[PDB]
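Visitor: Residue numbers (PDB author numbering): 1 to 73, 73A to 73C, 74 to 162. Beta carbons: idealized from backbone N, C-alpha and C, even for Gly.
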Amino acid sequence: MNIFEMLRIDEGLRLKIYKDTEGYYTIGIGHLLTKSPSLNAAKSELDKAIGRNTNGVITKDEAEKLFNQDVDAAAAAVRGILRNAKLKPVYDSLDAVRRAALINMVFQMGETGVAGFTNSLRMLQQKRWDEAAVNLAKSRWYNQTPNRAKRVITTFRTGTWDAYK
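1. Since residue 7 is in the alpha helix (DSSP H), which residue starts that stretch and which ends it?
2. Can you give me the C-alpha to C-alpha distance between residue 76 and residue 88, rounded to a whole angstrom?
3. Taking just the CA atoms, how far does residue 156 sit from residue 93?
4. Could you have a look at residue 142 and say whether DSSP puts it in helix, strand or coil?
5. Taking the continuous beta strand (DSSP E) assigned at residue 107, which residues delimit it?
6. Flag this pair as touching only if the region 10 to 19 and the region 56 to 65 have three or more C-beta atom pairs under 8 Å; answer yes or no.
7. Can you tell me where the beta strand (DSSP E) with residue 14 in it begins and where it stops?
8. Within a Cβ cutoff of 8 Å, which residues of the same chain sit near residue 111, ignoring the five residues on either side of it in sequence?
9. Among the residues of its own chain, which have a CB less than 8 Å from the CB of residue 32, if the five just before and after it don't count?
10. Quick one, which of 13, 83, 109, 101 has its alpha-carbon nearest residue 120's?
11. Taking C-alpha atoms, which residue in 137, 142, 28 lies nearest to residue 62?
12. Hey, quick one: how far does the alpha helix (DSSP H) through residue 27 stretch, first residue to last?
13. How close, in whole Å, do the beta carbons of residue 1 and residue 138 come, if the pair is a contact with beta carbons under 8 Å?
14. Note down, in chain order, each residue of its chain lying with its Cβ closer than 8 Å to the Cβ of residue 135, except the 5 sequence neighbours on either side.
15. Alpha carbon to alpha carbon, what distance is there between residue 141 and residue 96?
16. Buried or exposed: residue 125, going by 16 or more other Cβ atoms within 10 Å of its Cβ?
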């Protein structure tokens, strides 16, 4: 098991532009294209990504390509996140699994959502730090996609993959 797997399990895999839960323009295994309105916007977005006039269609490879980047990036966010908000040593003290969920939770957060968390994080404390996490996954996925939200916090709160297993 792993973060990849885990996200493929949580995100699902779509090759045709759709709206997510929040009604955004998304694609693949999470690829948020755009928050707008007009598809076009999102389509165009897709186009520069891919670079080939997809017209809302992609391929497994294509998708897999976006994915990896998305992941490496969440993985990167996470660090910076607790980089700030102080509590860096927490980032370091972490283990695989916790940290995987962390990556999950924060993927594919986007500056605005990112910002807040950091706040809610600092303003929390070295020991409290944890609940903002659980807190953020809740809300992001609660109401709408609660199994996911459950799957995460657990994994996060347990350091065990059994949940996704």
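Guide: Put simply:
1. Counted from its first residue, the sequence shown places residue 7 at position 7. 3 to 11 is the extent of the alpha helix (DSSP H) around residue 7.
2. For this step, residue 76 is matched to residue 79 along the sequence shown. For this step, residue 88 is matched to residue 91 along the sequence shown. Whole-angstrom Cα-Cα distance: 6 Å.
3. Indexing the sequence shown from 1 puts residue 93 at position 96. Indexing the sequence shown from 1 puts residue 156 at position 159. Cα to Cα, the separation comes out at about 8 Å.
4. Looking up residue 142 in the sequence shown gives position 145. Of the three classes helix, strand and coil, the one that applies to residue 142 here is coil, per DSSP.
5. For the purposes of this step, residue 107 is taken as the residue at position 110 of the sequence shown. Looking at the DSSP string, residue 107 is not in any beta strand (DSSP E), and its letter there is neither H nor E.
6. Contact holds: three or more Cβ-Cβ distances are below 8 Å.
7. The count along the sequence shown starts at 1 and reaches residue 14 at position 14. Residue 14 -> beta strand (DSSP E) spans 14 to 19.
8. If you number the sequence shown from 1, residue 111 lands on position 114. Closer than 8 Å at Cβ, skipping near neighbours: 74, 78, 103.
9. Position 32 of the sequence shown, counting from 1, holds the residue named residue 32. Excluding sequence neighbours, residue 32 sits near 20, 24, 25, 26, 105, 107.
10. Locating residue 120 in the sequence shown gives position 123, counting from the first residue. The residue with the shortest Cα to Cα distance from residue 120 is 83.
11. Locating residue 62 in the sequence shown gives position 62, where the first residue counts as 1. Nearest option by C-alpha distance: 28.
12. Taking the first residue of the sequence shown as position 1, residue 27 is located at position 27. That residue, residue 27, is in no alpha helix (DSSP H); its beta strand (DSSP E) goes 25 to 28.
13. To locate residue 1, count along the sequence shown from 1; it is residue 1. To locate residue 138, count along the sequence shown from 1; it is residue 141. Separation of the CB atoms of residue 1 and residue 138 is rounded to 19 Å, and the pair is thereby denied contact status at 8 Å.
14. The residue you call residue 135 lines up with position 138 of the sequence shown. 146, 150.
15. As a working note, residue 96 is residue 99 in the sequence shown. As a working note, residue 141 is residue 144 in the sequence shown. Taking the straight line from one Cα to the other gives about 24 Å.
16. Residue numbering aside, residue 125 sits at position 128 when the sequence shown is read from its first letter. Its Cβ having fewer than 16 others within 10 Å, residue 125 is exposed.
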